[PDB]
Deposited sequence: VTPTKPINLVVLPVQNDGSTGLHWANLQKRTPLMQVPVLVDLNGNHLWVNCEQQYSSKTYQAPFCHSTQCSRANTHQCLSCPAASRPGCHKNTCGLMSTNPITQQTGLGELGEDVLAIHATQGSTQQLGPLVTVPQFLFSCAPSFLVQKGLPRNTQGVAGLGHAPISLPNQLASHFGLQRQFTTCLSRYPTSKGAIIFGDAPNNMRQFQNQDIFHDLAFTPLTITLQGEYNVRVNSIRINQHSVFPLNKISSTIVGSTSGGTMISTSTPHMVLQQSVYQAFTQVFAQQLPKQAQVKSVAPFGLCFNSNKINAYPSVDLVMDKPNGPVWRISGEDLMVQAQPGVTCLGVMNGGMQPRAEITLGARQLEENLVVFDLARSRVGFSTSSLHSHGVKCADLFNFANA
């Protein structure tokens, strides 16, 4: 009776990005991969080392290629091995940090992951679908020695969809990303709010906003306004949620309005020169008392996604962790990994809504890393 499965995820201190050791292949081995909230699928570099007794490449026009949504047939002029076959299916994979994309082949192999009643036994998808993507794609932008990307996007062979389908889980997943490199957070597949902590009602304040999917397969929500200490800075789906930037990203005109109203809410004298890659920094000794950021979601009548000033700030000298996305970012506002860390964020694919707590996880005395004991497993 499997109701949840759970993947440990770690915060990479050097990049601010989140990544995981996936258990794949026969025998099981650890494959380090970026966690890309918006990614279409799981892809890894197979050009390398690849040992498995259970690896298979589906044939062109197969049900597996249809499920993966590719009718592009490929062939390789060379002895067959993972990544190189006669008559297989081709899939474009994306490095979401550089935005590079390249052509690889669809593969199947074992993926293993812990079940959890709400720690539990290790269960497997014996023919988990993924792509052997070309190696140039791992060369830039990813945490050291990452070999791939696990996409959690709403696409037919993404992690959440493949896991939910195989185990009959509710078609949703919950992220609890860690703020701290020293301790692993979790991604929970299945209905966490109903099937999952130690007397604490961590979901008590869950509120919901509608979820859309862009044509590029990204999760979008809609922000009705941004207020900083009750002063509105915006206006004047639409909002992407993403783990391919650590920081909040704002379209340039929104960036200028935001940062200026932010500054204004602090003492003018507290401003110091900026350290890269930030624009707006402060002497932190000079004032502890950061403005609160309310994102009013969907429509004027709430609910409110609250960001405390302190959690927007980076200990760089403290700097505002908000980036100028230029004239044409993909979304006018993007909530990045730091906005996800230490919050329970529910992506409900069945009902098309994102759930979020109006109150802080930590108010329960709980950190995302406290959720599961991965050291026993």
#### Entry: Missing residue ranges, deposited sequence indexing starting at 1
1-5, 124-127, 206-207, 248-259, 340-342
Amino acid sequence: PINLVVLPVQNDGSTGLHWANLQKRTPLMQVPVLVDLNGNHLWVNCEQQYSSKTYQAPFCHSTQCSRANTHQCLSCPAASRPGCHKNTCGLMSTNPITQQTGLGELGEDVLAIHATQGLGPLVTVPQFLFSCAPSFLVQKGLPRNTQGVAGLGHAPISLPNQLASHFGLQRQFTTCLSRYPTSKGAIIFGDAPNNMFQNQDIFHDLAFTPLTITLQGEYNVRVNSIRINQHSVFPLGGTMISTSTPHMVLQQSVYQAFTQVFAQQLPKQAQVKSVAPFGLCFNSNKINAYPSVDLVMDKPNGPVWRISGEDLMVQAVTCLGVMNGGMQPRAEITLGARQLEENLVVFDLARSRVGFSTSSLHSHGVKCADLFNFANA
From here on, numbers count along this sequence of modelled residues.
### Query
Between 98-106 and 244-252, which has the larger average Cα B-factor in the PDB entry?
244-252
### Message
I need to verify one thing: averaged over C-alpha atoms only, is the B-factor higher for 184-192 or for 74-82?
### Response
74-82
## Note on the structure
The residue of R144, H154, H204, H166 with the maximal C-alpha B-factor according to the PDB record is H204
### Query
From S135, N288, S93, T175, pick the one with the largest CA B-factor in the entry?
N288
### Summary
In terms of its chain's C-alpha B-factors, the third that includes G118 is the highest
## Note on the structure
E47: CA B-factor among chain residues, third -> highest
### Message
Can you tell me whether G309 has a C-alpha B-factor in the lowest, middle or highest third compared with the other modelled residues of the same chain?
### Response
highest
#### Entry: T124 CA temperature factor, ranked by third within the chain
middle
### Message
How does the C-alpha B factor of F258 compare with the rest of the chain: lowest, middle or highest third?
### Response
highest
